[PDB]
There are 2 protein chains.
Amino acid sequence: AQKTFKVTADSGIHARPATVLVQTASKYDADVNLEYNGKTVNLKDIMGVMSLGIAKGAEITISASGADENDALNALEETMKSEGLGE
Amino acid sequence: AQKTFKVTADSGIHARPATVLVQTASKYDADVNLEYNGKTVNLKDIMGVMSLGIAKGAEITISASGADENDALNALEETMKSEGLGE
């Protein structure tokens with residue numbers, strides 16, 4: 001499953017935001033990936049999120065795959081809105 | 001602990017090389033990471049590894065931390081060399 005979002009967070013996807021993301025994704029039996037410009041990283045590691053250097057205004061795709069993918073994806077979109085990261 | 005290497009694979013770190021690295025790193029409990037020109041990704045993440053686009057001649061550093069990080073490292077140097085990826 002996949003969803004595209006626009007980052008609206010002011011400092012882009014920095015330390016706190018990569019963490020709330022890893023945290024939520026970590027709760028699911030599903031492989032969770034983050035994509036920006038053709039580059040994809042596993043979402044369950046802050047290392048590789050920090051590395052993409054995603055700033056405000058960017059568009060990114062979140063994909064999930066596995067037993068719990070619908071729930072995994074719905075949760076991530078809830079954190080993106082609720083943590084004022086994107087929409 | 002860490003180890004730096006020089007990539008000598010003509011195609012850099014492409015799908016095959018990334019695959020051998022990841023399979024090797026995955027047998028260990030230590031957290032295992034790859035860094036290239038300031039960007040760091042989890043070595044147990046095929047996606048993140050490919051995202052880096054490491055070409056022939058670059059230098060990369062492999063880091064391993066935890067329980068069996070000396071064996072994780074020797075093991076990765078060995079793959080580095082027997083799989084013709086670098087030295």
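The basis for the numbers below is simple: all heavy atoms, side chains too, and nothing from hydrogens, waters or symmetry mates. Note on naming: letters A, B, ... go to the chains in the order of the sequence lines (proteins, then strands), and numbering restarts at 1 for each one.
With hydrophobic clusters built from ILVMFWY side chains whose heavy atoms lie under 4.5 angstrom apart, B/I60 shares a cluster with B/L76. Under the 4.5 Å side-chain contact rule for hydrophobic residues, A/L73 and A/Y28 do not share a cluster. One hydrophobic cluster holds both A/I62 and A/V20 under the rule that ILVMFWY side chains link at heavy-atom gaps under 4.5 Å.
Contact annotation for residues 31-50 of chain B against chain A (heavy-atom separation below 4.5 Å, listed by residue number): B/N33, B/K39, B/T40, B/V41, B/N42, B/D45, B/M47, B/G48.
Scanning for side-chain hydrogen bond (donor to acceptor under 3.5 Å, both in side chains) contacts around A/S11 gives an empty result, with sequence neighbours left out. In this structure B/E83 satisfies the salt bridge (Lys or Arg N to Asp or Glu O under 4.0 Å) test together with B/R16, sequence neighbours excluded.
Sorted by first then second residue, the salt bridge (charged side-chain N to carboxylate O under 4.0 Å, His left out) pairs that include residues 50-72 of chain B, not counting sequence neighbours, are B/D10-B/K56.
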